[PDB]
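Chains: A, B, C, D and E, in written order; residue numbering restarts at 1 for each.
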Amino acid sequence: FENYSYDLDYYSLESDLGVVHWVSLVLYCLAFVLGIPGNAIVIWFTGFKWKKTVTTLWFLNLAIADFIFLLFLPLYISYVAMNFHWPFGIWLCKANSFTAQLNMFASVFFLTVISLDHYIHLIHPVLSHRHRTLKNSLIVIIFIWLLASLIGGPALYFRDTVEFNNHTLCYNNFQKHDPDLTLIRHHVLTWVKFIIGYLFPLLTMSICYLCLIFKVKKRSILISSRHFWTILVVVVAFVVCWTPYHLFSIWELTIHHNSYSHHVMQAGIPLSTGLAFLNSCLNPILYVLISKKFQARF
Amino acid sequence: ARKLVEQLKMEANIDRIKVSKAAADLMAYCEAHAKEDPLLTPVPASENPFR
Amino acid sequence: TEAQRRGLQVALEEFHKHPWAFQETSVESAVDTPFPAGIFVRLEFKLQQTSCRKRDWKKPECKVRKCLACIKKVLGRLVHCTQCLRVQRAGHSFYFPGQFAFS
Amino acid sequence: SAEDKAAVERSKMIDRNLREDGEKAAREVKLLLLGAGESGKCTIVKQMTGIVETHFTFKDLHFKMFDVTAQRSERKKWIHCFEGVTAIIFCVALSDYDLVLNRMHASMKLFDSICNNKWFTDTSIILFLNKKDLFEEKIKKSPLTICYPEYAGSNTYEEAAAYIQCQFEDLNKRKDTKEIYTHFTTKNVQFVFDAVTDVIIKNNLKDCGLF
Amino acid sequence: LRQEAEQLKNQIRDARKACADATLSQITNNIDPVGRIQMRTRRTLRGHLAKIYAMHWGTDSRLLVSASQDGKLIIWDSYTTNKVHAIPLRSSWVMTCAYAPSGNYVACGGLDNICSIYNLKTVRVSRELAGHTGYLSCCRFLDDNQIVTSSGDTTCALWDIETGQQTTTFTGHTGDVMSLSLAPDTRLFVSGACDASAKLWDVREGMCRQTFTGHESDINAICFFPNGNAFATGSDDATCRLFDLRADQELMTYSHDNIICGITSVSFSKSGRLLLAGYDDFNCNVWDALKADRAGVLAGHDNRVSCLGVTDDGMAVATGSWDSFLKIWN
């Protein structure tokens, strides 16, 4: 009749202090079904022209980022579907967090650089003819990858796995490392993430696309019928999904009227995350396989 | 057209042989150098610089 | 004190609820810090090994055979035999910021 | 095997130099002068053996004009080498309708032959109607009935020039892939710059558009 | 003397037809076909940034020259796909290039009325031969001191590199001269013009001896048989013809109903059994030189195969096309 040994060790952090849950998993499943298959098809079929210009490189990078993000999504759906229980180790949770940040920032930056490149394309016919080399595209994609990989410290110092009552949990811990780091590493990191991953990209997309559509270069030989609708649709798709996620990220203020005052413990934030996954899934299908340039070879 | 007349006369004065003789000579050359043609007889990769 | 005795009794009951019962063997004192909430204690002590009888109630009735307790009638306990900072401040707390992201 | 290392290092240097030269050359814009004859290829835009080279920079754009005054041989033997030019400048000297060598008929024949050609199925043609000052004086003396028949308009410079432009414009048969930029002779350089900018926009959008 | 010229032409035609008694294909039916030929792209040479217009294999069968519209003459090492030399030609319009038999010189030319000769090992300009009023179509090296050129003004010229002046002028063509080939003994050379006629010229004598006709369009390519007693020509009407110098008459014709596009380049194998011809249908095909059949196709080029060549050892064939690539087949 022995449950332990001479040194009795255990841990127990017990503490006494539906309609949305199902929709989140449904959205995750639809995003995954519409994703990995479509992204894999895009990757395998993108051989339109060998060593094609920068647009194919942008599309390949975006598709790869979305494919990795959506193939690591099932880990998140398993975590959320088990009543917020994370049975995996700290190393796997750290790896998932790091790769998720890398993929999402890479996708956002690639979309932003696509918009900037298109704006320089149509508006500028002279300075875009001397700065569109393939080596420059390789340099800028390498810089984008480096910037997305070397931003934020989830490197096992800002994320720890701590089991709560009867449920294991891995989470970002911006505390318990130093008493001096009080409200100086949780808000600064969130603000930096919001300003680099949402503020500058959204501003650039908005200004470039609006100035491109409204003024249409004041020149003819542009099909404004499809172009305007496509630009508006892509802008709407980008805005309507990442915005709730970023407001929930900036919502981490912890004092409005009570402990939560927003009932965030439910699947509202997971639903917004699923909307972000839906936008990531919907981007490649809305860029690469719907335009008039393609759809003629198949 | 004196130059053309002279050229035609020179061409007509050139001796010609039978077509069959030329064909036989070409065939003799072909089967004489057939063994030395790498594009005709396949060459092993042991002595092939292009593998 | 009485609060420390109640806290150690609650910790032993939690031990007996799920992992045979073992009593204290290397007893030790405590310091406590009564200010947040009604009470708060910081008591450490060793336990016994095996048992003379199994399932002999939550309280130890078997005379013959370095922990860490930070409890707040208890709204939270992390007895493991540390994160006492947030538990002592529970009496809004236990947020564990995030919990909802791919991060 | 240090010889192999030296050879591959030399090859790497050679291919780097080749890539740099290709990148430098791709940024420039090239035009081909293909005027009618005795008043064409020897254009007026020059003055500001084999192929004649002209290099000039305008609005941060390096124009290389290839003039063909020699090579009276067959055109199709060397015309296929010019399927890389941004535009073809066709210069027609006005007031030559009365002159015979008939010259305007040869100009139309050359324009139809090159404009409706397989190699230049997408290259833009910039028509330059020169000697308009002499043309205005010659209309008052020599009517436009001797050449370009069915001339119903009066002997006026404006209507005659409009008729010339229409008779040169309607000669094109594609009308979709290529467009003819007609101008009357720093207006010439600005017109050429605008035409080549439009051609660059169209050609580069045909590949990297992605609206 | 139009009547005298017509009578002489009729007599020459009658004498030529008298010697004809049997077609080439009539007596070659006893030779087994060699149509079971499947050549694969052994090597791929890249680096050109424009349409490749001409090439020439080296005597050592390891180094080859290549000319394209970018203005660069590239000398490669086909054994290891390593670029050996890169000459920045001053003229971007290049149609022909040559490699010296001793390997110490290279040649180039095009829409400049000048054939430029460079020395590899002593790259600097060595000679610029000028004097032609038309575009050069083929510069070919006889030795280190004599070169032969053909221009678009219906004139061929045997030059002298040491003096930089023409030594012999060959005239008589009506249409623009398109190609020339040198005999193995370096004493005779046949060249074809746009008038659908190919004339044979003597280097030492400097006068024409034989004229071959029969084509309905321009003759674009020419190449001697390895024995030097015959040569094959390709035209723009999807037709090739074999002519014999001794017979002075067309021997046998290569044509296909499916093929409509003309021939841009042609060459013979080491034994002369295989005739590799490049067409405008984005493909190059091999013909049985003694049976007029097709043994295979060298598909793989993304544009028109402008030029092709066979090594002296005949171990491989190099094809350059407008797709800015070189392919070594073995």
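Before moving on, here are some points about what is shown:
Operating definition for what follows: a residue touches a chain if its C-beta (ideal position, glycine included) is under 8 Å from a C-beta of that chain, and two chains touch if they have at least 3 such contacts.
To keep track of the chains, here are their UniProt names: A = Chemerin-like receptor 2; B = Guanine nucleotide-binding protein G(I)/G(S)/G(O) subunit gamma-2; E = Guanine nucleotide-binding protein G(I)/G(S)/G(T) subunit beta-1.
Minimum number of contact steps separating subunit D from subunit E: 1. In this assembly, the chain whose C-alpha centre lies farthest from subunit E is C.
When chain pairs are compared by contacting C-beta pairs, B-E ranks highest.
Computed centre separation for the pair subunit B/subunit D is 47 angstrom, with centres defined by C-alpha atoms. Chain geometry summary: the mean Cα position of subunit A and that of subunit D are 51 Å apart.
Note: centroid distance subunit A to subunit E, computed from Cα atoms, is 61 Å. Note: centroid distance subunit C to subunit E, computed from Cα atoms, is 98 Å.
Arrangement of the chains shown, judged by which pairs touch: a linear chain-to-chain path with two open ends.
Each chain pair that touches appears in this list: A-C, A-D, B-E, D-E.
Across the interface of their complex, subunit B is touched by residues 1-2, 4-5, 8-9, 11-12, 15-16, 19-24, 27-28, 31, 34, 37, 39, 42-43, 62, 78-79, 172, 207-211, 225-227, 229-230, 244, 246-249, 251, 269-274, 289-290, 310, 313-317, 328, 330 of subunit E.
Residues 47, 49-51, 53, 69-72, 74, 77, 80, 82-86, 88, 91, 93, 95, 111-114, 130, 133-135, 137, 152-153, 175-176, 178, 194, 218 of subunit E are the ones touching subunit D in the complex. Put simply, subunit D touches subunit A in their complex at residues 23, 27, 59-61, 197-198, 200-202, 204-205, 207-211. Within the complex, the subunit A residues that touch subunit C are 1-6, 8-17, 72-73, 76, 84, 96-97, 100-101, 104, 154, 159, 162, 164, 169, 171-174, 176, 186, 248-249, 252, 254-255, 258-259, 264, 269-270, 273. Those residues of subunit A whose C-beta lies close enough to touch subunit D in the complex are 53-55, 118, 121-122, 125-126, 129-130, 133, 219, 221-223, 226-227, 230, 287, 291-293.
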